[PDB]
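Enquirer: Before I ask anything, here is the structure I am working with.
Quick reminder, even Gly has a Cβ in these numbers, built from the backbone with ideal geometry, and neighbours come from all protein chains shown. Here, each number is a calculation from the coordinates, and none is a lab measurement.
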There are 2 protein chains.
Amino acid sequence: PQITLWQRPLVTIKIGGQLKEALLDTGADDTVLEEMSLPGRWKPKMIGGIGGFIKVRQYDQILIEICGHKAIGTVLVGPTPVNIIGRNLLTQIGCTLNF
Amino acid sequence: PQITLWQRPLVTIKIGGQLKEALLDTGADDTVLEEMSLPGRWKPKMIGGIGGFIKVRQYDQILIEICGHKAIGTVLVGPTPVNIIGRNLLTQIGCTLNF
């Protein structure tokens, strides 16, 4: 799908069997999800943006379905105000910017 | 141009006669620029993302040339780690996401 930017580019994702909305964020190197329950092992980690830093848990090799195309990769979980799908997964679904 | 996401989608902008590099950021409602010298009046303002908030000055109706397409709109200036071109201006240069 082509998605214009007059509103927030929110899409539906399925991850860990749950459904969430998240923001396609070309500004984000990685993908960060709100406090949620996820399988596997994980290393702690801190990430920054505007405003500063949060502590997050980092899980590797997680399957995610983003608007119905599947991606596997790293996912951080922590106290983010919004779920964000970062470049690490956007590249796997073939996501490009065009103008 | 079509721009894939394997690296940060950094482009060259001209604003206030100066040149800067900035990040096309579909996660950003507005455009925020590092500490720089800009004309006109301005209201103070605070914005948030991940990590929290910063105080910024807000200037309205600023011309900006983003990879050589011109856009006019609001521009915030403040202590951001990276210059970010937000949706307020991406829409004016015709920017879309496609996958």
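Enquirer: What translational diffusion coefficient, in µm²/s and rounded to a whole number, does the Stokes-Einstein relation yield for chain A at 37 °C and a viscosity of 0.692 mPa s, taking the hydrodynamic radius as the Kirkwood radius over Cα pairs?
Expert: Calculated translational D: 239 µm²/s.
Enquirer: If you put +1 on each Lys and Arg Cβ and -1 on each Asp and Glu Cβ, how big is the dipole of chain B around its Cα centre, in Debye rounded to 20?
Expert: The dipole magnitude comes to about 200 debye.
Enquirer: Which whole-angstrom value gives the distance between the alpha carbon centres of region A:72-97 and region B:29-88?
Expert: If you average the Cα positions of each part, the centres end up 24 Å apart.
Enquirer: Say we join alpha carbon atoms closer than 10 Å with springs in a Gaussian network model of chain A; which of A:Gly48, A:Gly86, A:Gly27 then has the biggest fluctuation?
Expert: Highest fluctuation of the listed residues: A:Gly48.
Enquirer: Say a label goes 7 Å from Cα toward Cβ at B:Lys45 in every copy; what distances in nm does this one have to the rest, shortest first?
Expert: 3.2
Enquirer: Report the dimensions of the protein assembly as shown along its three principal axes from the alpha-carbon atoms, largest first, rounded to Å.
Expert: 53, 32, 24
Enquirer: If we hang a label 7 Å off Cα along the beta carbon direction at A:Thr74, how far is it from the matching labels on the other copies, in nm, shortest first?
Expert: Those label-point separations list as 3.4 nm.
Enquirer: How big is the antiparallel share of DSSP beta bridges in chain A, given as a percent to the nearest 5?
Expert: Bridges in chain A that DSSP calls antiparallel: roughly 85 percent.
Enquirer: Just to verify a number: FRET efficiency for B:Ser37 and B:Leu63, C-beta to C-beta distance, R0 = 25 Å, to 0.05?
Expert: Result of the calculation: an efficiency of 0.95.
Enquirer: Moving on to the next point. Strictly over 24 Å apart at the Cα level, which of A:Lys45/B:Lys20; A:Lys14/B:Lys55; B:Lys20/B:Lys70; A:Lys20/B:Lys70; A:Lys20/B:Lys43 would you flag in this model?
Expert: The answer is A:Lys45/B:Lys20; A:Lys14/B:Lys55; A:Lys20/B:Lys70; A:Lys20/B:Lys43.
Enquirer: Next question, about the same structure. Which residue fluctuates most in the GNM of chain A (Cα springs below 10 Å): A:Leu24, A:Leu33, A:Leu63?
Expert: Looking only at A:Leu24, A:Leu33, A:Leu63, the biggest GNM fluctuation is shown by A:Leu63.
Enquirer: Okay, next question. For each of B:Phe53, B:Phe99, count neighbouring Cβ atoms within 10 Å of the residue's Cβ, then give the residues from fewest to most.
Expert: Least to most surrounded, the residues fall as B:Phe53, B:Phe99.
Enquirer: OK, next. Where in region A:26-86 are there GluC sites (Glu not before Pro) that are in a DSSP coil and have at most 12 other Cβ atoms within 10 angstrom of their Cβ?
Expert: Answer in residue order: A:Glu35.
Enquirer: What does the copy distance list look like for A:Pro1, label position 7 Å along Cα→Cβ, in nm and ordered from shortest?
Expert: 2.8
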